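Each chain, letter by letter, is given below.
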Number of protein chains: 4
Amino acid sequence: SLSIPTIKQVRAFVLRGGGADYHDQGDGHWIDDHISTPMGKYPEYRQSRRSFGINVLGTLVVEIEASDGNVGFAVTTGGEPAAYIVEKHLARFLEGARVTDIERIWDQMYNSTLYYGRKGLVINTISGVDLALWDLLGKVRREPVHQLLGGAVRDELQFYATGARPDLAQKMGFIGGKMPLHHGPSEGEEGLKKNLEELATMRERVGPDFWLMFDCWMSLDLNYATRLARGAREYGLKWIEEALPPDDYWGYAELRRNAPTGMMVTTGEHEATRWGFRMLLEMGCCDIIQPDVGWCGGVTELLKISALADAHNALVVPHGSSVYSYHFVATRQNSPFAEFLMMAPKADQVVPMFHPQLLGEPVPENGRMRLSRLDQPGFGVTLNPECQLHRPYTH
Amino acid sequence: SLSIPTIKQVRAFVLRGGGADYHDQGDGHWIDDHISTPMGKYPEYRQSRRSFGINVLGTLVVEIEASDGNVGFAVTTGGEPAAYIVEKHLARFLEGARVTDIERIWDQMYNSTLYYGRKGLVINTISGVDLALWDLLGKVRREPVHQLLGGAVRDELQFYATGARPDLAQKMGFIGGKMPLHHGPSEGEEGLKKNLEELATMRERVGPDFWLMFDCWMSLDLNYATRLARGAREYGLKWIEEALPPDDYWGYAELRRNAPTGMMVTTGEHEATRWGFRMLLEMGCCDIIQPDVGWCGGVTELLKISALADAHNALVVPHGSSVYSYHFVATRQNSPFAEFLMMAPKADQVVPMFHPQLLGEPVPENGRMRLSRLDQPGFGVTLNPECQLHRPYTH
Amino acid sequence: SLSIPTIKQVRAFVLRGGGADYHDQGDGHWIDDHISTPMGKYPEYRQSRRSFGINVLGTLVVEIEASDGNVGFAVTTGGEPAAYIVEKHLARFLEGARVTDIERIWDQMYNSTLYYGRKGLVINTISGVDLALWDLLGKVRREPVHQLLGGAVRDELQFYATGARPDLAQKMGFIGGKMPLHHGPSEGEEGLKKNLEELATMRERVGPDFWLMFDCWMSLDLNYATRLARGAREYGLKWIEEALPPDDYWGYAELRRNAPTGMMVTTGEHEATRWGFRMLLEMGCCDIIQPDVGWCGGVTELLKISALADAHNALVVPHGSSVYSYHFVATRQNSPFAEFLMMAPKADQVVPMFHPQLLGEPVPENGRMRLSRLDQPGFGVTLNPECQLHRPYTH
Amino acid sequence: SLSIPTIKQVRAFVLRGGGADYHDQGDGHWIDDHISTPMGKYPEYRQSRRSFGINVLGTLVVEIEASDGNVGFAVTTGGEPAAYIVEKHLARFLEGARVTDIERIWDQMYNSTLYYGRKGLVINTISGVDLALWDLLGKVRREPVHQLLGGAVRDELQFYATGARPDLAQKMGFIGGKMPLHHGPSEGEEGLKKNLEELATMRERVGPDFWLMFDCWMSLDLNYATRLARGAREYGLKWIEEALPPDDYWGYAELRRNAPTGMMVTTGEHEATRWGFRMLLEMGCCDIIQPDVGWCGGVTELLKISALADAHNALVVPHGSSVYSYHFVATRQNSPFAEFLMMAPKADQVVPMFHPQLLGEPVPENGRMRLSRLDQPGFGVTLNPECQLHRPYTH
Ligand SMILES: [Mg+2]
Ligand SMILES: [Mg+2]
Ligand SMILES: [Mg+2]
Ligand SMILES: [Mg+2]
């Protein structure tokens, strides 16, 4: 049988400016233009999410070198504190292990960090290592990750675009456009009117069939979300996303019940592990779960989260994670379409989602992506040599 | 990247005499010695399960030849009627497909047979094909199946033994002994006393720590099972298995609630798909689910069933399926120990579980199985040339 | 009215060796002596919790300097990664604020870190800052923290002692002794017998009335915990703590239902926020919630958690946090007794809980602590000059 | 540390004519002009609430003198019978106690009156003493009560006005207008038509965005309330308040379910303690709880009620209690806006809510109140020397 290499060393680097950390941006970007958030109730933190620190972490790069010379890697959000965790804590569970010990390594990472993990940063870190491991395994086997995950179930991926210009997204071939909500509860009725006006304007431009969705980034309360959803019915809003904070399971269940018949309620990008998603599904909190592969626990855990959704006959549409989501969703019956975040400042052109960190990163063409483009080993990308890496720790 | 072969042809064969169909035995075997079943209420069908036709199907052998010459295969219960389904119906979804299209092929087999499937024989058939596909993928990758399923999470498997001699199993290093219940409700109080006498005798021989369990093969009613469990508490019975018919979800939940504190209720060998097991788990029907990989939908579906169990923090101890279960359970955190069926007529020695069909089949060595022993490609076994195959159908 | 000062600067430091991070110990300590944990299923990580990295973070020291010269501080678990969060992210919400803006500062810290927080390390960090804020407010007001929290409701605190020697704790005046469980599920029946033997031995030494408890540090599964509790009834075990991982709300509810009548099930030291505890209380997961003030969100959030418990008429016995818990529990009707960790290596004498970091730290005197002893401003302690602080980051 | 004074004496006085007892009015006031109540079914008690005795108690004034000369006080509804309770019963728990023993004193007051308390008058009395204690503590510390309650979370309070002239309230800067319902179930369809006509007239005058609410003072039945709410949908009614009697928890839950999507159901001004509000929240009886600080148990208990609402992510908008509510709500994230009762006979001008009892009482200016106006110690008000006090009892 094939001689399986062992893991020689694990390394963590930090990278800043775009890439995995969607919000690690500069000035003039739609993704930081008055997005409604839980902090919006404070005027001083309403115009910019960066002002309250959404960009304090940056990107965590994890590299895993095997005894055969192969090197797998992945990028996610975490930066220096995450690098500390990788170098000082998690490395011990990987070094010396066979590259195929995926399930065992994940279990040790999760159980060993349980005392300060469960959700958030620690899970982001575990996800990063996990992705790097799958990248390495793919490289060792000389096959793309989708083939290690049961194979694709569709010949191409179809995308909806997230950004402030759903009208421009339609012209680019996308199947729908998810817009950021710009006004929250603290802006009262005037803000609600402005929210609905924005949706109305886009509906007029795109026609009655193009999909339109609202992303609320955990910024509303039950009543406001209920009224926004009801008011959006007139414009055929397909779904309302992350209306409430992730810990409010009860509120999501109520919102889904009070929502217009046919309109979906989605959430999950800030939820983690099979247990977090079990709570969402069992309490009937949403119609679509949206875990981020780089934050929910990685591919190993997403496989379990996905199977849970399968049993619940629920749709799983991961929070756009570049090739990390593309390789995964291609193999899932429960993920008929995918999210493509428009990282161009004015959302007026398609650019790689994790630009400029990944070389070889495919992007939708007329809103689609042929599976044939994901034919390289692992996740099929290489780290851009132009991105200055920083290794804050060693072990 | 590696050149993935396509599937050239699928073939179905029938084999009789032992093997995958555990009950396809001759005379004098403990496995057919007055085992309590739902038919026990009829004196004419009480002594032998073969009398009511538990051995009417025999073994289904599925072979899948790839364009590179590799041939994967698997064995399960189904015989001629299953071969008909494989050759006349399922073959079309596999031939021409890339060997890595596992998820897509499974979905097509299940959705195309829904009108006459869901559970039973049709799922057994789908499972056999699925197993042959995983064997083939392992051979193409030149790796044992456990490495394709996330890698082992333990260095060895530990087994409990199923048969009429738990005392002898103890001497052979097994961690426990599950014995068949010989008397059902129609045999009244005398039968109940006999059941408890057999347990008492074995408990006396093995000491207070050795695990002892009762397998009831769907033969009881709620009250009888309740009383049997209570009476068995005095002997520290670890669990009572398949006390009721598979369709009685409600009864299982009630039984589990009325069971002695600490004693477990298990079931599942006659349950199929992620949805069947979701019902068992959500309704609180059992403490351990026991799907048979060759009957529940195969490895592909068992992965999803297992993930569901993970979310429910439930134990999964698959019904023994020789190498097909060994390779799978080795990779699951939720499967700490495994079942080994004692197929020797008097359960007084260890013999290959699927004897005589599988050459190279590993047997437990003093109740354990080092993972280092499962180092060959696929499921690591070959079809015994001695077994005369029969090809009932072609396509 | 009193002139309220503003916050001039917040600083984060890292300290190693004992202190707030209970597990940051050296060799020969009972607290690292074969404690049962979720990693115990791996022989390599069974003897020492330090081997899997329970001591990788160390202590986070937060200092908050006000415009009047007063400086509040606190210690908790978090180290360098937590310091990064404090300096690079949280500082902005405090500097310039009036020292009395506690509720507003907490809300901003939590809502600004939601995208990578909710539980774990980020909450530990928020908790440390919150504790330093309360220490500062107490110093500005020139009053002990208990007087800022509604005043004491008892004249003295009474403690139960946690460590491997409940017998010695009895001789030192404590009201009970909580001992660490040393064997988990992977150690089977032999381990279960050993666990019960240790309990039996201690019960024999202390008599039938002295309280005895078992701390399981998230290491069991439902069935094992069920059997351990039943076996411990013979020895009058008062409660079984953290039997299951924090994310298994469903399992806890089941365990509490199957627990011996009168025996309590407790958990919560690894749970955070009002919402995490709402889930525990509403689902009937435990009889006593045990949040750690330095990990659950700080005093500000613990006040809300405590009020929730009040409505549920539930007991709240916070995980011991030295003066940070003493000042809080003294004011709560729902916290009749408190936890005191025996940090002496052999748990054979009383030493300061957060030794050697806090000068002026009060120790129980014959198992009790008169409130008259907590008469100094804030939390009444000073940073030990001996401890060499490290300032990893600035802002 | 600061030397904390003790309580020297507690005194209770009675005051009549306006003030704390909102309904202790004379002729010609909107607050007594055909308000719908549970007694409305009797024609003789329909025109005036005073006719059935809503004004039989008057105001209870509680004074607490400390050893340092400081004197705290508060006003609420209770009069002579409440004074009896204060002087003859509650005084014993306060005199001799340190002014900071807030939690202990409250507990003793509640537990000692449990046999004839729980809700109603007795709790009003406890609330009065509790407020006087917080006023005293604020005076001793020389800080406004909001700073003792975690500090303000907003720079100003925004108010909606309660009275028969929401149109005039809009012109005065208020954010909304809550109108009293004038017709109940016994007036049949004619009365329902008149109720909706009144709402229609006000909606025409104020425009589509100004908030309009209906206060029903416990006067309806489930069906009538359901039909009124449905009929008010046309006029964008924001919420329907106290539709049913306080003991009908089941009815409130049903009403909230049958209510127009987006319209809120509120109640609680006649509910008391953490347990009363737990029942409301857990049974899903309302979207907003409206405890009166002077009737629900005081600030000490409202802190617990508020925390409960926090866990339930529910809005808390206290039933206008002058400075007693202002100081509290300023510190709560869950109380974004406040109620201001228009005590002017024709609701055509702003006058102090507790006029003429409190000197130094702030009032909304153009519908808002800067937190800077609540800068005096305690609740910042003094008893008006012109109000003839009466001390019916001594002890
Ligand atoms: Mg989103
Ligand atoms: Mg069985
Ligand atoms: Mg503990
Ligand atoms: Mg009202």
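Residues numbered from 1 in each chain as written, not as in the entry; some residues may be left out. Chains lettered and ligands numbered in written order. Part of a larger assembly, values for the part shown. Heavy atoms only, no water.

Asks: Explain the interface of chain A and chain B to me, and be specific about the residues and the numbers.
Replies: With 37 residues of chain A at the contact, the number on the chain B side is 37 residues. Interface area, chain A with chain B, both sides summed: about 3000 Å², of which 46% is carbon and sulfur. The interface formed by chain A and chain B holds four salt bridges in total. When the shortest N-O distance is used, the salt bridge between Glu143(A) and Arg141(B) registers 2.4 Å. Taken together, chain A and chain B are joined by 21 residue pairs in polar contact. Taken together, the elements giving at least two residues each to the side of chain A that touches chain B come down to α2 (102-113), α4 (145-148), α9 (273-282) and α10 (298-311) of chain A. The element that contributes the greatest number of residues to the side of chain A that touches chain B is α10(A), accounting for five residues. Looking at the side of chain A that touches chain B residue by residue, the class counts come to 12 nonpolar, 10 polar and 15 charged. (Contact = heavy atoms within 4.5 Å. Buried area = accessible area lost by both parts, 1.4 Å probe. Salt bridge = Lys/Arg side-chain N within 4 Å of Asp/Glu carboxyl O. Polar contact = N/O pair within 3.5 Å; in protein donor to acceptor, adjacent residues only side chain to side chain. Helix = DSSP H or I, 4+ residues; strand = E, 2+ residues; numbered from the N terminus. Nonpolar A, V, L, I, M, F, W, Y, C, P; charged D, E, K, R; others polar.)

Asks: Pulling in residues and values, what's your account of the sheet that holds strand β3 (residues 71-77) of chain A?
Replies: Residue and element names in this part refer to chain A. If you trace the three strands from one edge of the open sheet to the other, you get β1-β2-β3, paired in antiparallel fashion. What marks the edges here is a single partner per strand, and that holds for β1 (7-15) and β3. Strand-to-strand, the axes of this sheet are offset by a mean angle of 15°, without reference to chain direction. Each of β1, β2 (59-66) and β3 touches helix α3 (residues 121-141); the most contacted strand, β3, lies at about 150° to it. (Pairing = 2+ DSSP bridges. Axes fitted to C-alpha atoms, helices over the stretch in contact; angles between N-to-C directions.)

Asks: Go over the packing of aromatic side chains, please, and point to the residues and values.
Replies: All names here are of chain A. Taken as a whole and assessed by the stated rule, the structure comprises 71 aromatic pairs over all chains. Between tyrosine 324 and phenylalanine 354, the ring centres sit 6.2 Å apart and the planes meet at 50°, which makes this aromatic pair tilted. Linking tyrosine 324 in helix α11 (residues 323-329) with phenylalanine 354 in the loop between β11 (338-341) and β12 (358-359), this pair joins segments that are 30 residues apart in sequence. Side by side, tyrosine 324 and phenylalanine 354 carry an identical accessibility label, which is buried. (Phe/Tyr/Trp six-rings, centres within 6.5 Å; stacked < 30°, edge-to-face > 60°. Buried < 20%, exposed > 50% of the residue type's maximum accessible area, 1.4 Å probe, protein only.)

Asks: Go over unusual backbone geometry, please, and point to the residues and values.
Replies: Omega for the bond connecting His355(B) with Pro356(B) falls within 30 degrees of zero, at 0°, which places this linkage in the cis form. Within the secondary structure layout, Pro356(B) lies in the loop between β11 (338-341) and β12 (358-359). Look at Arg142(A): it is not a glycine, yet its phi comes out positive at around 60°. Residue placement: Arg142(A) occurs in the loop between α3 and α4. Overall, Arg142(A) belongs to the exposed group, its relative accessible area being 55%. A positive phi angle, close to 70°, is found at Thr273(B), a residue other than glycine.

Asks: With reference to specific residues and values, describe the environment of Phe354(B).
Replies: All names here are of chain B. Note on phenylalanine 354: relative accessible area 2%, which makes it buried. For the pair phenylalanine 354 and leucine 341, spaced 13 residues apart in sequence, the C-alpha separation works out to 9.3 Å. Leave out the neighbours within four places in its chain, and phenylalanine 354 touches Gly19, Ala20, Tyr22, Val75, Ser321, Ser322, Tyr324 and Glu361.

Asks: So what about the domain arrangement of chain A? Which residues, and what values?
Replies: Residue and element names in this part refer to chain A. Examined at the domain level, chain A breaks down into domain 1 (1-142 + 385-395) and domain 2 (143-384). Taking only C-alpha atoms, the centre of domain 1 and the centre of domain 2 are 21 Å apart. Contacts between the two partners involve 54 residues from domain 1 and, on the opposite side, 61 residues from domain 2. Together domain 1 and domain 2 conceal approximately 4400 Å² of surface at their shared face, both sides included; 63% is due to carbon and sulfur atoms. Of all residues in domain 1, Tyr22, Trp30 and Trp134 bury the most surface against domain 2, accounting for 19% of the area lost on that side. Between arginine 46 and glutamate 187 there is a salt bridge, with its nearest N and O atoms 4.0 Å apart. At the boundary of domain 1 and domain 2, one finds 29 residue pairs in polar contact. Elements that contribute at least two residues to the side of domain 1 that touches domain 2 include exactly β2, β3, α2 and α3. Tallying contributions element by element places α3 first for the side of domain 1 that touches domain 2, with 12 residues. (Domains from an automatic or database assignment.)

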